[PDB]
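Undergrad: Structure in structure tokens, see below.
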Amino acid sequence: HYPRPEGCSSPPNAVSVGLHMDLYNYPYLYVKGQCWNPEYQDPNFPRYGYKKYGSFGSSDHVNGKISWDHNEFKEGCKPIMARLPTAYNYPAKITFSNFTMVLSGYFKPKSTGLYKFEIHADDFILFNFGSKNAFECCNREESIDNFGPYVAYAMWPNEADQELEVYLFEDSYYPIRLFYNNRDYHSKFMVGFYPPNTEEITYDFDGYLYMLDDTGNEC
Ligand SMILES: CC(=O)N[C@@H]1[C@@H](O)[C@H](O[C@@H]2O[C@H](CO)[C@H](O)[C@H](O)[C@H]2O)[C@@H](CO)O[C@H]1O
Ligand SMILES: [Ca+2]
Ligand SMILES: [Cl-]
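Under PDB author numbering, the residues of the sequence shown are numbered 45 to 76, 107 to 293, in order.
Take a look at the structure:
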């Protein structure tokens with residue numbers, strides 16, 4: 045039985061394009107008995123530990139080509155400044171070597187059918203999906219950390235590749251929450267999907283990602 049998660053409904057004027065992003069500090073234990111912080115492994119971390127170093131940035135309308143694979147860095151145990159893809163509407167360089175990111179909003183299928191998602195993580199990616207898994211319809215800011223058991227849990231090195239299948243409907247916006255951490259050095263945040271009856275994967279979310287107003291009525 046393919047999973048069939050709950051979605052949301054909204055009048056078009058209450059809909060805007062793209063996801064919300066918040067960026068959080070994630071320090072090294074030390075910079076110039108390993109150097110990187112193992113905190114990200116604690117089970118309380120994705121629920122509330124991820125905020126305890128404070129945040130440093132946010133953006134909105136995050137759309138299109140949101141994945142990356144940064145494997146060019148030469149040095150470990152050291153903060154390295156680099157830019158996010160332009161999909162993030164976030165101009166400043168970040169400590170790509172060590173940071174945490176949460177992306178939330180809604181995935182809207184273009185056709186009713188079965189979707190397969192594929193994620194590849196360095197270091198850590200969590201995938202929550204559905205009004206009863208990610209967050210409440212039209213109440214994203216209040217319920218953002220009330221997510222359920224993960225639909226996918228990818229951690230480098232040993233659990234770094236994951237996939238999942240969900241059956242989805244044209245007329246519904248599905249709450250979606252993507253948690254990413256880099257503890258150190260190289261950074262990979264790859265979230266792709268296969269639409270229904272489609273053999274080739276895509277990493278372009280353009281036309282699929284939306285935000286609804288936080289009215290709180292289930293819309
Ligand atoms: C070339 C090499 O082996 N460099 C090592 C790093 O692998 C290692 O850091 C880890 O790198 C992996 C990717 O392979 C991953 O991104 C981890 O997050 C990261 O900690 C590092 C140990 O601190 O030493 C480098 O020299
Ligand atoms: Ca890493
Ligand atoms: Cl659900």
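We treat Cβ as the ideally placed atom computed from N, Cα and C, and that holds for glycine.
Could you tell me whether the Cβ atoms of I193 and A226 are closer together than 7 Å?
TA: Stepping through the sequence shown from its first residue, residue 193 is reached at position 119. Stepping through the sequence shown from its first residue, residue 226 is reached at position 152. In this structure, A226 lies closer than 7 Å to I193 by Cβ.
Undergrad: What is the DSSP secondary structure of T160, counted as helix, strand or coil?
TA: Position 86 of the sequence shown, counted from the start, is the residue given in the question as residue 160. Three-state DSSP puts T160 in a helix.
Undergrad: How would you write the range of the beta strand (DSSP E) that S178 sits in, first residue to last?
TA: What you label residue 178 is simply residue 104 of the sequence shown in a count that begins at 1. Looking at the DSSP string, the run of the beta strand (DSSP E) that includes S178 is 173–181.
Undergrad: Can you give me the C-alpha to C-alpha distance between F209 and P120, rounded to a whole angstrom?
TA: Here residue 209 refers to the residue found at position 135 of the sequence shown. Here residue 120 refers to the residue found at position 46 of the sequence shown. If you take the alpha carbons of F209 and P120, they lie about 14 Å apart.
Undergrad: With a threshold of 7 Å on Cβ separation, who are the neighbours of residue 96 within its own chain once the five nearest residues in sequence on each side are excluded?
TA: Because the chain is numbered 76 and then 107 with no intervening positions, residue 96 cannot be located in this model.
Undergrad: Spell out the partners DSSP gives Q236 in its beta bridges.
TA: Translated into positions along the sequence shown, residue 236 becomes position 162. In the DSSP output, where bridge partners are listed per residue, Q236 has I193.
Undergrad: Just to be sure I understand the criterion: a residue counts if its Cβ is closer than 7 Å to at least one heavy atom of ligand 2. Which residues meet that?
TA: Residues flagged by the Cβ proximity filter: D196, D197, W230, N256, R257, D258, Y259, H260, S261.
Undergrad: Would you kindly work out how many angstroms separate the C-alpha atoms of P159 and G266, rounded to a whole number?
TA: Locating residue 159 in the sequence shown gives position 85, where the first residue counts as 1. Locating residue 266 in the sequence shown gives position 192, where the first residue counts as 1. Each residue's Cα considered, the two are about 15 Å apart.
Undergrad: Bridge partners of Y254, per DSSP?
TA: As a working note, residue 254 is residue 180 in the sequence shown. In the DSSP output, where bridge partners are listed per residue, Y254 has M175, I199.
Undergrad: With the cut-off set at 7 Å, would you say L252 and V59 are in Cβ contact?
TA: Position 178 of the sequence shown, counted from the start, is the residue given in the question as residue 252. Position 15 of the sequence shown, counted from the start, is the residue given in the question as residue 59. Not closer than 7 Å, so no.
Undergrad: Can you check which of these residues, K190, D245, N232, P71, is closest to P56 by C-alpha distance?
TA: In the sequence shown, residue 56 corresponds to position 12, counting from 1. The shortest Cα separation from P56 among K190, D245, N232, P71 belongs to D245.
Undergrad: Under a three-way DSSP split, which group does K262 fall into?
TA: Taking the first residue of the sequence shown as position 1, residue 262 is located at position 188. Residue state, collapsed to three classes: strand.
Undergrad: Quick one, are the C-beta atoms of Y68 and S129 less than 7 Å apart?
TA: Residue numbering aside, residue 68 sits at position 24 when the sequence shown is read from its first letter. Residue numbering aside, residue 129 sits at position 55 when the sequence shown is read from its first letter. Closer than 7 Å, so yes.
Undergrad: In this structure, does DSSP put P112 in helix, strand or coil?
TA: Mapped onto the sequence shown, residue 112 falls at position 38. Coil, per DSSP.
Undergrad: Excluding the five sequence neighbours on either side, which residues of its own chain have a C-beta within less than 8 Å of the C-beta of residue 101, listed in chain order?
TA: Structure remark: the chain lacks residues between 76 and 107, so residue 101 is without coordinates.
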